Amino acid sequence: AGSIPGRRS
Amino acid sequence: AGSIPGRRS
Amino acid sequence: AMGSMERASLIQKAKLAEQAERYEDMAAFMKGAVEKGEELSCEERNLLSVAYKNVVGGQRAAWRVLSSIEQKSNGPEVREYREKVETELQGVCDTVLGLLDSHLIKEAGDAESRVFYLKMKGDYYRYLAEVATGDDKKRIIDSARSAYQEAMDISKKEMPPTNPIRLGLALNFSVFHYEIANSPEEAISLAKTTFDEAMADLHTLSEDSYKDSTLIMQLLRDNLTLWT
Amino acid sequence: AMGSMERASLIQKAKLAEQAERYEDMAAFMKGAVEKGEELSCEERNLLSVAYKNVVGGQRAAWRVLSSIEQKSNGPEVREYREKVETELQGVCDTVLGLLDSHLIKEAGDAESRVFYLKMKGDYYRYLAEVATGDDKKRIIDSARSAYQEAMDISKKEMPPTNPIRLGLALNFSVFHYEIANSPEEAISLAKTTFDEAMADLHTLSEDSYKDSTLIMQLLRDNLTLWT
Ligand SMILES: *Cc1ccc(S(=O)(=O)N2CCNC(=O)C2)cc1
Ligand SMILES: *Cc1ccc(S(=O)(=O)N2CCNC(=O)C2)cc1
Ligand SMILES: [Cl-]
Ligand SMILES: [Cl-]
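Protein chains in written order, with the deposited numbering: chain P, 43 to 51; chain P', 43 to 51; chain A, -3 to 70, 78 to 231; chain A', -3 to 70, 78 to 231. A prime marks a further copy of an entry chain.
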């Protein structure tokens, strides 16, 4: 299950 | 030009 | 730590640290910028979130590797080192939560900023819940749930169903239900309703907004495919 | 920092840190193990080298990103942040060099260990040379060259031409000639002679040793293809 990666602006 | 990666035991 | 550096210089350096993949530095620059006391712009909020998501993401990945080795082993070394990584992770989550509580959330009045910060609060309590054991787990789980629920309530009143923050909030709250709260049916329901309501609003969007919303919709669909 | 932890526990934790991709922790565990004062086994020397190569490799990649942005820009922020990363990188190289000087090299009597540590010494002076400017550059370059040359002299007397450490030493010394010493013809010569002399000794090897030596030979060939 994936959350928002959220790791790149 | 590549040196030894050397980053994994 | 960053009290002597100008706000604008901290923001500039956070952007350079992202380019250099120096995420601990990025997070420390953005902590310093928050501590200047001014509200954050949209771009600055995203820098803060990217920095900490990368820091805590590496910690979580390491904790999962160590926890897997520890479970298979069941000397003190694996447990001791898992505990060290766990404490570091908890400290980062507590730092982010402390920035949100002092004073980003209370000063956030527009829906876009308040939802963004409440989603962050839900996320960092969720990361605490991932490593929590017992009744501590219960209160931490409820803190995540309460932050996500307040963000949801605002988002549904104030944002269109395609808004990317509204979509990412719903995605992450559905993961919370599936992975933390042992509520897979609530996770599936939320992901399906969120996807369907976004689909029906795509016609209102520009080409660029369409691309932003459909990217997150595909993440919802990817979870639904894994869960059903 | 690690004075109260048992040597064997530091080594155990360095292996866990590698699995978790926690290379700063790995390097701190292996520094603590070196500082116990005993010589390192072959496997322990490789843990020390892997840990620091990963730490300094991330610093070098960040320094190159920042140096590129700084050169294109030519406020103080890009230079200040490149300088901060540079100082951190220098500090890590000085720490490794200090472990080699106190007292890994002087206690290393077998050719395998002495060559390994002298190659490391050449490598970390080479990383210092990458960021050095001016006459500082000259003495640092000569320190790299002298360490690599002593390692080469021992390796050619004491190891077969297929030995992986001998091969990796020659590879990295050829990169030194090409990238640092402005001696591309010496780089090409060394890589070609090293490759040819290894090829002629492959017939003596087991299947597993053949695989280890040919992997490094291909790196020599890859550089020769880029340089010719
Ligand atoms: C939590 C979350 C929600 C949406 C995104 S994003 O759509 O990838 N995007 C990041 C850049 N600026 C934005 O406003 C949204 C990321 C995370
Ligand atoms: C510098 C260097 C030379 C050779 C190697 S390796 O052949 O990949 N190997 C690492 C594992 N144990 C060894 O003895 C050699 C790496 C680096
Ligand atoms: Cl406000
Ligand atoms: Cl000895």
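Every residue gets a Cβ at the ideal spot worked out from N, C-alpha and C, and that includes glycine.
Alpha carbon to alpha carbon, what distance is there between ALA154 of chain A' and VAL178 of chain A'?
-> Walking along the fourth sequence from the start, residue 178 of chain A' turns up at place 175. Walking along the fourth sequence from the start, residue 154 of chain A' turns up at place 151. A direct Cα-to-Cα measurement between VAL178 of chain A' and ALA154 of chain A' gives close to 15 angstroms.
What number of angstroms, rounded off, separates the C-alpha of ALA29 of chain A' from the C-alpha of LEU223 of chain A'?
-> In the fourth sequence, residue 29 of chain A' corresponds to position 33, counting from 1. In the fourth sequence, residue 223 of chain A' corresponds to position 220, counting from 1. So the alpha carbons of these two residues sit roughly 33 angstroms apart.
Would you identify the three-state DSSP class for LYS122 of chain A, choosing helix, strand or coil?
-> In the third sequence, counting from the first residue as 1, residue 122 of chain A sits at position 119. Helix, per DSSP.
Touch test, the stretch 107 to 125 of chain A against the stretch 82 to 96 of chain A, Cβ-Cβ under 8 angstroms, three pairs minimum = No, they do not touch.
Can you find a C-beta in chain P that's less than 7 angstroms from the C-beta of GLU14 of chain A?
-> Locating residue 14 of chain A in the third sequence gives position 18, where the first residue counts as 1. Output row for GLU14 of chain A: interface = yes.
Using CA coordinates, which residue listed in A:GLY137, A:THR136, A:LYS122 and A:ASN185 is at the minimum distance from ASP156 of chain A?
-> The count along the third sequence starts at 1 and reaches residue 156 of chain A at position 153. If we check each option's Cα against that of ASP156 of chain A, A:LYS122 comes out closest.
Please decide whether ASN70 of chain A' counts as near chain P', where near means a Cβ-Cβ distance under 7 angstroms.
-> As a working mapping, residue 70 of chain A' is identified with position 74 in the fourth sequence. No - not a single Cβ of chain P' is within 7 angstroms of the one on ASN70 of chain A'.
Are the stretch 5 to 23 of chain A and the stretch 186 to 200 of chain A' touching by the rule of at least three beta carbon pairs closer than 8 angstroms?
-> no
Quick one: does the C-beta of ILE168 of chain A sit closer than 6 angstroms to a heavy atom of ligand 1?
-> Within the third sequence, residue 168 of chain A is the residue found at index 165, counting from 1. It does: the Cβ of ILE168 of chain A is within 6 angstroms (strictly closer) of some heavy atom of ligand 1.
How long is the line joining the alpha carbons of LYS141 of chain A and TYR128 of chain A, rounded to whole angstroms?
-> For the purposes of this step, residue 141 of chain A is taken as residue 138 along the third sequence, with counting starting at 1. For the purposes of this step, residue 128 of chain A is taken as residue 125 along the third sequence, with counting starting at 1. Approximately 11 angstroms, taken between the alpha carbons.
Just confirm the distance between the C-beta atoms of residue 71 of chain A' and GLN221 of chain A, as a whole number of angstroms; I'd bet it's less than 8 angstroms.
-> In the structure shown, chain A' runs from 70 directly to 78, leaving residue 71 of chain A' without coordinates.
Give a yes or no on whether 7 angstroms exceeds the smallest Cβ distance from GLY28 of chain A' to chain P'.
-> Indexing the fourth sequence from 1 puts residue 28 of chain A' at position 32. No, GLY28 of chain A' does not count as interfacial toward chain P'.
Which residues in the same chain as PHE198 of chain A place their Cβ atom closer than 6 angstroms to its Cβ, once the five residues preceding and following it in sequence are excluded?
-> Against the third sequence, residue 198 of chain A aligns to sequence position 195. Taken in chain order, the residues that qualify are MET220 and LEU223.
Compare the Cα-Cα distances from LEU205 of chain A to each of A:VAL51, A:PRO164, A:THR231 and A:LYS68 and report the closest residue.
-> Taking the first residue of the third sequence as 1, we reach residue 205 of chain A at position 202. Of A:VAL51, A:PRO164, A:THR231 and A:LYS68, the residue nearest in Cα terms is A:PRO164.
What is the rounded straight-line gap between the Cα of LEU174 of chain A and the Cα of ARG148 of chain A?
-> Taking the third sequence and counting its residues from 1, one reaches residue 174 of chain A at position 171. Taking the third sequence and counting its residues from 1, one reaches residue 148 of chain A at position 145. About 13 angstroms.
Give every residue of the same chain whose Cβ lies closer than 6 angstroms to the Cβ of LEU131 of chain A', excluding the five residues on either side of it in the sequence, and list them in chain order.
-> For the purposes of this step, residue 131 of chain A' is taken as residue 128 along the fourth sequence, with counting starting at 1. Contacts found: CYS96 and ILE143.
At a cut-off of 6 angstroms, is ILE108 of chain A close to ligand 1 when judged by its beta-carbon and the heavy atoms of the ligand?
-> Taking the first residue of the third sequence as position 1, residue 108 of chain A is located at position 105. It does not: the Cβ of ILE108 of chain A is nowhere closer than 6 angstroms to a heavy atom of ligand 1.
Boundaries (first-last residue) of the alpha helix (DSSP H) holding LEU205 of chain A = The residue labelled residue 205 of chain A in the question sits at position 202 within the third sequence. Element bounds for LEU205 of chain A: n/a, residue is neither H nor E.
Out of curiosity, what's the CA-to-CA distance linking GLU39 of chain A' and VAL46 of chain A'?
-> In the fourth sequence, the residue the question calls residue 39 of chain A' occupies position 43. In the fourth sequence, the residue the question calls residue 46 of chain A' occupies position 50. Each residue's alpha carbon lies about 11 angstroms from the other.
Please state whether DSSP places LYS9 of chain A in a helix, a strand or coil.
-> Your numbering for residue 9 of chain A matches position 13 in the third sequence. Looking at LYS9 of chain A - three-state DSSP - the assignment turns out to be helix.
Check whether the Cβ of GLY112 of chain A sits closer than 6 angstroms to any heavy atom of ligand 3, and report yes or no.
-> Here residue 112 of chain A is taken as the residue at index 109 of the third sequence, counted from 1. Yes, the beta carbon of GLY112 of chain A sits closer than 6 angstroms to at least one heavy atom of ligand 3.
Min CB distance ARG18 of chain A to chain A' below 7 angstroms | Taking the first residue of the third sequence as position 1, residue 18 of chain A is located at position 22. Closer than 7 angstroms to some Cβ of chain A', the Cβ of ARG18 of chain A qualifies, so yes.
Would you say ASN42 of chain A' and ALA43 of chain P' are within 7 angstroms of each other, going by their C-beta atoms?
-> Here residue 42 of chain A' refers to the residue found at position 46 of the fourth sequence. Here residue 43 of chain P' refers to the residue found at position 1 of the second sequence. Not a contact, by the Cβ cut-off of 7 angstroms.
For the alpha helix (DSSP H) holding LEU92 of chain A, just list the boundary residues, first then last.
-> In the third sequence, counting from the first residue as 1, residue 92 of chain A sits at position 89. Where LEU92 of chain A is concerned, the enclosing alpha helix (DSSP H) stretches over 80 to 102.
If you count every other CB in all the chains shown that lies within 10 Å of the CB of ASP21 of chain A', and 16 or more means buried, which is it?
-> By one-based count along the fourth sequence, residue 21 of chain A' stands at place 25. Burial call: buried.
Check distances from the C-beta atoms of the stretch 30 to 47 of chain A' to those of chain P' and list, in chain order, the residues that come in under 7 angstroms.
-> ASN42, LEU43, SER45 and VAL46
CB of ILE46 of chain P to nearest heavy atom of ligand 1: below 6 angstroms?
-> Along the first sequence, read from residue 1 onward, the residue named residue 46 of chain P stands at position 4. For ligand 1, at least one heavy atom lies less than 6 angstroms from the Cβ of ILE46 of chain P.
Determine, using beta carbons only, whether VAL118 of chain A' comes closer than 7 angstroms to chain P'.
-> As a working mapping, residue 118 of chain A' is identified with position 115 in the fourth sequence. Not closer than 7 angstroms to any Cβ of chain P', the Cβ of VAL118 of chain A' fails to qualify, so no.
State the CB to CB distance for the pair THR98 of chain A and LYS27 of chain A, rounded to an integer number of angstroms; the pair is presumed to be in contact (CB under 8 angstroms).
-> Taking the first residue of the third sequence as 1, we reach residue 98 of chain A at position 95. Taking the first residue of the third sequence as 1, we reach residue 27 of chain A at position 31. Confirmed, Cβ separation roughly 7 angstroms.
What does a CB cutoff of less than 7 angstroms around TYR213 of chain A pick up in its chain, not counting 5 residues either side in sequence?
-> Taking the third sequence and counting its residues from 1, the one referred to as residue 213 of chain A is at position 210. Result list for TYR213 of chain A: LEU205, in chain order.
What are the boundary residues of the alpha helix (DSSP H) that includes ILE157 of chain A'?
-> Looking up residue 157 of chain A' in the fourth sequence gives position 154. Run containing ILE157 of chain A': 138 to 161, per the alpha helix (DSSP H) assignment.
Quick one: grab the DSSP three-state call for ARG129 of chain A'.
-> Within the fourth sequence, residue 129 of chain A' is the residue found at index 126, counting from 1. Here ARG129 of chain A' sits in helix by DSSP.
To which residues of the same chain is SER69 of chain A' closer than 7 angstroms at the C-beta, ignoring the five residues directly before and after it?
-> Indexing the fourth sequence from 1 puts residue 69 of chain A' at position 73. Closer than 7 angstroms at Cβ, skipping near neighbours: no residue.
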